[PDB]
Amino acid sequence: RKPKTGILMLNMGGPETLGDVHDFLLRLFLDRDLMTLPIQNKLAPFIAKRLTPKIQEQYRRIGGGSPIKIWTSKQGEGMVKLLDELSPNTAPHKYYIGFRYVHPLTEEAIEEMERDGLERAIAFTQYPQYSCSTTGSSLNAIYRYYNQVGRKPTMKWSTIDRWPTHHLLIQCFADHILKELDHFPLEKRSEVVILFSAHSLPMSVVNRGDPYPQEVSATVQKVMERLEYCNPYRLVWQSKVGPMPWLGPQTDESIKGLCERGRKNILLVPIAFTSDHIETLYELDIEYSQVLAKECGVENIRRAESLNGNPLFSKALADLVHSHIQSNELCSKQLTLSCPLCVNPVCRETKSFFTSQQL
């Protein structure tokens, strides 16, 4: 039967092989919604070639490439199977992957969705917490695709643009935390400090009103509520690059600082993404857990398993889509408010593209 409802799963993506690294970096530094640079069209290419060896080596250290597509595909597959039974009036459902910086690109997915002849299209960001730099950039790409191509969509669009406190997302984090807590020595279980770690933002982004830090905080609070505050925790921030100010404290300095102050049993919880990727497999597991943690003399440092193939996460995805369909929502109420100091004209047009959709 002809696919009726398309679910576009949005993620920045990662290079699947070492050969994909260069184009990945090129598209990344060209993204003006992620960063603005002195003559983007020219400075980007240079940076991409300069950094390709370093980034290739990082991916070599974790097996030769990004696992994002594998996990996204597994999650998409399980989601669609549930949706076909959950929501027969909108079935058959089909998932599409729209990566921002690697193939299949957001634009290629949109083309296929259109070619497939869908009645309904759902832009489903895979970042639970909204940032204009992540979800915002992916939604702008959808708007820009139709504007630059110069035609109107042939399908009804809507977006699930954030979901930082969905009860089943929270349950999967809490489950993975408890499972990892059981792998500590029983005599140290109560010693364990939970470090929720999320990708940081430059302070220039924070200070213009990005909703991300507050939404990440909401996710952390719901998880710890569900765990009944069994262990002490902090929310810390990773992956800062460059010389400008970023939101701290940094995850690596926090691990170092805790160890030096006698807190030598630490559980890392990646709280802002739903699968393994370079940030967990390289930055946390190699850069921080292996090297840093042993130079500072940790007793035990573990990391909760990423959500990856957990079938409860697939139900979380399908419930989110199901509720979105039943509610006839076009977008969250939060998307209707642009950042108080937003300087980007596209954000207004992208917002109105979704709020104005025919039902």
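In this text, residue numbers run from 1 along the sequence as written.
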Legend entry - Entry-level comparison of average CA B-factors, 179 to 187 and 263 to 271, reporting the higher stretch: 179 to 187
Legend entry - Mean Cα B-factor comparison, 190 to 198 or 150 to 158, giving the higher one as deposited: 150 to 158
Legend entry - Highest-ranked of 60, 303, 42, 333 once sorted by CA temperature factor in the record: 42
Inset, instruction - For the C-alpha B-factor as written in the entry, point me to the maximum among 70, 316, 307, 296. - result: 296
Inset, instruction - Would you mind ranking residue 231 by its C-alpha B-factor against the rest of the chain and naming the third, lowest, middle or highest? - result: lowest
Legend entry - Chain thirds of CA B-factor: placement of residue 244: highest
Legend entry - Cα B factor band for residue 276 (lowest, middle or highest third within the chain): lowest
Inset, instruction - Would you mind checking where the Cα B-factor of residue 358 ranks among the modelled residues of its chain, as the lowest, middle or highest third? - result: highest
Legend entry - Third of the chain, ranked by Cα B-factor, where residue 215 sits: lowest
